[PDB]
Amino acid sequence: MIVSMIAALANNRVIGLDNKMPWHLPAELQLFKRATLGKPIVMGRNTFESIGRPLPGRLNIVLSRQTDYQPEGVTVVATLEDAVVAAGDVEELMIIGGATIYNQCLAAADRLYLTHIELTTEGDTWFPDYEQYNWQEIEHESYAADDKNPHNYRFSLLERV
């Protein structure tokens, strides 16, 4: 099983503000969907609340230590190890956030699916400093701003070296 993390970063690795993402960029969610459909997705409790529903076409695994926390349509696990057990023998597990989960799983990640957005915005959550490790890019895509998406963004799939 490949352990992958997927995130969208504005400048200075900002990923979140006030439990939402501080930009309007609907097409980027389509990128997220293409990259995660058919795979188990593992997330922290705040990220689940931010999404607001189980996502279709994916096994939704949510981390919480709250013993009575049990949203419909997701599997709640109390440890990372248990998340990995729920994911089963699949090709690739996708960690979809948020900061605390990214922090705990970075050292173990085989791939990062990063979208970089050309935007300086204030944050209260940041992606980890992945650049402390070595990576090679194995896929990439560029997306210039258009009438529905006001910022340039690009995709980079990194593999740990």
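Residue numbers here begin at 1 and follow the sequence given.
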Mean temperature factor over C-alpha atoms, higher-scoring stretch between 23-31 and 93-101 = 23-31
Mean CA B-factor: is it higher for 50-58 or for 37-45?
-> 50-58
So, residue 148's CA B-factor, relative to its chain, sits in which third? The highest
Taking the values exactly as deposited, rank residue 133 by C-alpha B-factor within its chain and report the matching third: lowest, middle or highest.
-> middle
Report the third (lowest, middle or highest) to which the CA temperature factor of residue 161 belongs, ranking only the modelled residues of the same chain.
-> highest
In terms of the chain's CA B-factor thirds, is residue 1 lowest, middle or highest?
-> highest
Taking the chain's C-alpha temperature factors as the reference, tell me which third residue 118 falls into: lowest, middle or highest.
-> middle
